[PDB]
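This report refers to the structure that appears directly beneath it.
When reading the values below, keep in mind they use all heavy atoms of this one structure, side chains included, and skip hydrogens, waters and symmetry mates. Throughout, a chain's letter reflects where its sequence line sits, starting with A, and its residues are numbered from 1.
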Amino acid sequence: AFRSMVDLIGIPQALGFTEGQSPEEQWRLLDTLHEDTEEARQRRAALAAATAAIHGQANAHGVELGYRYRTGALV
Amino acid sequence: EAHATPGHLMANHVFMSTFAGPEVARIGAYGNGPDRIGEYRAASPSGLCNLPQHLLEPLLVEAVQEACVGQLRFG
Amino acid sequence: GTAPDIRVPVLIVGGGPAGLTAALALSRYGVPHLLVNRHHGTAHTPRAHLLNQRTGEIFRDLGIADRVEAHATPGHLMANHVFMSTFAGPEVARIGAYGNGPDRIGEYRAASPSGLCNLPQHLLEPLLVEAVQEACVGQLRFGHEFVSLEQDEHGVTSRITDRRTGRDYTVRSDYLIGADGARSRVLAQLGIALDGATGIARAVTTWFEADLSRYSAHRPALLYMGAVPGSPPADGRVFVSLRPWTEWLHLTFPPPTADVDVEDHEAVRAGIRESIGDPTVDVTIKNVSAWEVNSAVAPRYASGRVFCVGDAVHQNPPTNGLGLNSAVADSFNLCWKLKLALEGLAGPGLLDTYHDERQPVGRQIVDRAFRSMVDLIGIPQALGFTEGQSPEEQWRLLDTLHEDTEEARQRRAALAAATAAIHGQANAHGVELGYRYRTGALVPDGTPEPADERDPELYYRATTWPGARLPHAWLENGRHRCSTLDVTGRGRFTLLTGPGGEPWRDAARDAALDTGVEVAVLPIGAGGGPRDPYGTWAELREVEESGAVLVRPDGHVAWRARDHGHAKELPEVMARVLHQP
Amino acid sequence: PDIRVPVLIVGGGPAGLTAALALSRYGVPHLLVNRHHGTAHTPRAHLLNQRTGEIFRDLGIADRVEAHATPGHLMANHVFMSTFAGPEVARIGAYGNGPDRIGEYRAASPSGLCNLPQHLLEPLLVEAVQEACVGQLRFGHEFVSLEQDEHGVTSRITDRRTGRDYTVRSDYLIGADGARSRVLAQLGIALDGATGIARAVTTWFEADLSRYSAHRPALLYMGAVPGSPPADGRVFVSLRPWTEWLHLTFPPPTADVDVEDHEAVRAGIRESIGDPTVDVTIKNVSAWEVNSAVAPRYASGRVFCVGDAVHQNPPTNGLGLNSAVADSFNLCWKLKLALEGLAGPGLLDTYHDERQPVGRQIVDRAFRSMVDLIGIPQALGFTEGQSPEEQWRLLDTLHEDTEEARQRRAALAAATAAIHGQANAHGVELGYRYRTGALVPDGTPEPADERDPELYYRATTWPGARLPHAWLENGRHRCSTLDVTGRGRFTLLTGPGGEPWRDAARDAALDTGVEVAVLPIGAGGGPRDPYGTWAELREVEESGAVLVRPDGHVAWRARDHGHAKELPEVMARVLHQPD
Ligand SMILES: Cc1cc2nc3c(=O)[nH]c(=O)nc-3n(C[C@H](O)[C@H](O)[C@H](O)COP(=O)(O)OP(=O)(O)OC[C@H]3O[C@@H](n4cnc5c(N)ncnc54)[C@H](O)[C@@H]3O)c2cc1C
Ligand SMILES: Cc1cc2nc3c(=O)[nH]c(=O)nc-3n(C[C@H](O)[C@H](O)[C@H](O)COP(=O)(O)OP(=O)(O)OC[C@H]3O[C@@H](n4cnc5c(N)ncnc54)[C@H](O)[C@@H]3O)c2cc1C
Ligand SMILES: [Cl-]
Ligand SMILES: [Cl-]
Ligand SMILES: [Cl-]
């Protein structure tokens, strides 16, 4: 749960959002994300990696069902 | 189950700007994506659902009062 | 030389699913036509019923998928394929079906915007008639019989009989579609003979009502295959769910020897009550129909200006339900090509690709449907069932199947092997959706065809390899959810591109100018066009952001290019796809 | 240029979205830009007349619109009252619901009238355009200026969120940008007629008024709070019977209107209702500057303006939105032919020649219908400087056996009769005829009679008229004459003996490059005319022809098969193709 909470800021960071930006500044970064620039190719890759980490909260099937007791009321 | 939101209405995890504005990213959630749905169906007789505590707690209380084996004292 | 009574761009002979699909496609493309159908009504019995994902996608293109879906049994009620004794007695085996099992469900949902569904022909044909009547582009004539044709360099002259009046008339068309079913009179007139054995069996099909929900709701299936204890393995009883759980077909396959009295509802009712194995179920017969099962495919699908579709060119047993689906996909392959030929934007080069693309598919479905038919007898054989056994002997073989002994462990294993072959008809995703055109209206890219170690009949593998069906991905146009297959097709060529694809505008514009054929450029993830919200399209397209995938009116891939450097190639490519001289 | 597209549409209101949807159905790539980020957020215009209904059937959205709209039978009356809870003043049948008009309304069109406000209609149009995926919508994008030359239009656009500027180069531009149109200003065209001729304050509100409304269903309830001057009318508009409403006032120009003073709007509405126990919830208050104005010109070079850009009027008659839809539907099939190179500026000039006189008509009619409203309370003997008690007295003595009371009775009956010009204006709504444009006169005189042609519709195939509705049957499929024509193509309707029209249609197709589909009715295995209605309305012989445009208006007709060789030449003149 802690690591999942920390993963959430990774999305807006991938988009190049920071403190001290105007609305227009952040709208511009949203719009430019799909351009054929190297800058835009990189943010696109950083977004994809930050998104993939959210599987650890959205589809964490081994955490939810796959825990196993290794000592206790068992032989 | 009669009261809970079913699994198919929790199908995505969405990253966006405003709710009315452009979206940023999306993944399948809670085993709804085609790459996880098979594993989630084979793993349990049960689905995932959404039922908040102000609705769940009264169901447990009613089931305990109906059994009349133990005694609840609130306050 | 005399004038013909009627002059029309296209004449369709036959108004079953293949001919009505052709009339609807030509209606959508605004091509006047005439269809003649010899029977006065549409199908009066269920016949073919299983609609696969590819048929779903073609009905989405033709704008009737919602009407079909409102009537059809949904895919989750077709969840199993069942083998049993009687309906009321012990079960023998079970597999997931039509992609409902956990091991297939994900691949099925990834592969298509459409599910599978069950809608019998007596309900599907009236929907197609209604959509054709509403468009009012072509004209239907039921009770009109095709007698004969001659063709030449410039057209086709057909003689037609009005069966009510007995009067004769003549139609002149640019092209003719043979959609006239098994024993195509149109195919005989062309001089094309089928290859494959004839009357390889008889099926008796009884359409009946009975409430069997007690024996079926806990194991929902399209098919429940039964064997009454005391019967030879070849005496299989097939129940087909048409309206869960009250309306049914019952199929038997009598010896090539015995007396089938289709009119003897007494004998048929008794047989069905025996197959049910509960004498307290009410059976109401609606129809009893004998049918001659063959397996045959035409070596040639076309001759000059005449092109045959559907059951005219391929016949097979009902196993796999490929017949109706393949009829729909045959007409959908042909009609956009005729639209281009009639507009003088293509010629016989493009029309020749109908036989080139669709005849190997005919060979494939007839082969697959035949092996599935033969697979069925493996189940009762694996149990130790044979000719000459009492009911009590066969009940003993079912009872002792679960014993701790060598004999039972071996029968158990033959049953598991016979059961697993049934995936060849219940989960044949690769046959249903994975067929690829290797020659026709496509330009190879130089890359080798995708391939892997999985059985290619069972498993579908999405690809943009030219010839293949365009991969499905969910897109979003503004807030409108739509497939890659919903923003392509619809009677036009589309060039799917991405960031850095601006070079493709000039190339499509030049291609349009040179061929006279519009190429709509559709940028995904760029130019304010549809978005790819999951990134699935980017993973499936097998080209770079700046490359292109060229999609035909029928949603198959004509060509693709890795990157924008190949833009200059597009005009020459379009000219070759259209086979323009 | 940054973008190259065949058609640029400026404005995503009803007119612009109708244009996008038509160009989408015709397969023509286009781009639409709309300065607001969203669709209409308030009801605004709401009455859909039968002609708009037919256009939405052609464009394939009529069922989606019908599923959400108020049906015609709940718009059965137009009511004049005191308070909503008090005594009624007068009542007429509305929108063809009255026994004396229902037969003509049902015979005239396969469509009824219905009520769907703009905040619900615009999203349906957007969804239809998004599903077709032929054009691109861009909300939050503002047209700044244009330049045109002999080959195209060059437009400057600002993305409002990024403040980024870009240029669009198009073959044609559609000015669909509403009142005070930036596009029409750029063409140097000034509207003719008055501006700020009044203010309307429109409150969108919720209140259960079924007790005062369900027994006399109406779209419009026009009230007068006793003790107020005639000009101080209160208009209730039913949006969801009988719980969702608009309330309109027309403040004097000297009065000061605070849109944000909800407590005061609410107090006025409770006063209009006359029952302080009804609970009112304000959803929205708007002040609207009302004009009556029409552009003397609708187009200039390759730029065409539609809808509120070229006409503005009071809301009386509800003609504004219906006219906007029919402006776009007139233009788009013409653009499709120009773009394919099968027609030129000559066809495109017929947009102005056909739609501009309709603009003049609807502005005139909406204006007279607004002036008519005050005749009701004037007929009652209401004036300024009367107490509530004095106006209650005039209402209660209306029915006395006096000279005085008989005369006001008669003035009320005359003022009420005039409201037929806005409640049952069937001739204005459906009966307009294009006298010059993409049509060839046949030399017959235009049908005319002594009935008021604003009130009465008269079905005709006289070239320029809308094709008459008749119910046909195609096999067992029920369909209008309007449903088997239009849909982006020219159609030639014929009957028995009409075979010579086939070769004439081939020859027209060869000469013009434009297909003419021949459709025989009651012959050749075509659609049947089960009642004989079409035979009665077509005003040609069995062997004659009616030539129908993509927009369902008649281009030409011929009495019999002797005229067949005229067709190739007629088509070339309809398309205004070069000599
Ligand atoms: C009795 C029967 C039962 C069947 N049951 C099954 C089943 O259970 N499962 C399954 O998968 N498949 C079944 N089939 C096959 C299935 O119906 C076809 O695969 C499917 O209908 C597609 O066929 P089609 O459109 O090519 O031809 P058809 O449906 O056979 O239609 C051809 C049409 O052309 C008409 N025709 C024939 N001669 C002429 C002429 N000279 N002029 C004009 N029209 C003419 C016929 O009247 C017919 O309407 C069955 C077929 C038959 C005949
Ligand atoms: C406040 C108000 C209230 C109304 N209420 C009623 C009523 O009660 N009854 C009635 O009958 N009629 C009413 N109408 C009139 C009715 O709304 C119009 O007749 C109808 O909307 C047809 O309009 P249209 O599509 O021509 O233009 P509009 O609905 O005005 O839409 C034009 C669009 O273009 C956009 N635009 C403007 N400039 C630019 C630019 N530079 N770039 C891009 N986009 C631009 C606008 O933002 C708007 O979305 C009202 C009008 C207004 C202004
Ligand atoms: Cl028959
Ligand atoms: Cl559909
Ligand atoms: Cl519709």
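- Nearest heavy atoms, A/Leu29 versus A/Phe17: CB-CE1, 4.2 Å.
- Among the residues in residues 59-75 of chain B, none has a non-hydrogen atom closer than 4.5 angstrom to a non-hydrogen atom of chain A.
- To the nearest 0.5 Å, atoms CZ (A/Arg3) and CE (A/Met5) are separated by 12.0 Å.
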Would B/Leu56 and B/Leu51 count as a side-chain contact (heavy atoms from CB on, under 4.5 Å) if you check the C-alpha gap in whole Å, the side-chain angles of each, and the deciding distance to 0.1 Å?
CA-CA 6 Å; B/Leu56 171 63; B/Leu51 186 74; 3.9 Å; yes
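- Of all residues spanning residues 5-24 of chain B, those with a heavy atom less than 4.5 Å away from chain A's heavy atoms are B/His13, B/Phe15, B/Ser17, B/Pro22, B/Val24, arranged by number.
- Residues of residues 49-73 of chain A lying under 4.5 angstrom from chain B, judged on non-hydrogen atoms, are A/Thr51, A/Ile54, A/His55, A/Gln57, A/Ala58, A/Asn59, A/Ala60, A/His61, A/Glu64, A/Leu65 in numerical order.
- With values rounded to the nearest 0.5 angstrom, A/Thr32 atom OG1 is found 4.0 Å from A/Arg43 atom CZ.
- When heavy atoms are compared at a cutoff of 4.5 Å, A/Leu33 does not approach chain B at all.
- Residues of residues 32-41 of chain B that come within less than 4.5 angstrom of chain A, heavy atom to heavy atom, are B/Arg36, B/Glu39, B/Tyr40 in numerical order.
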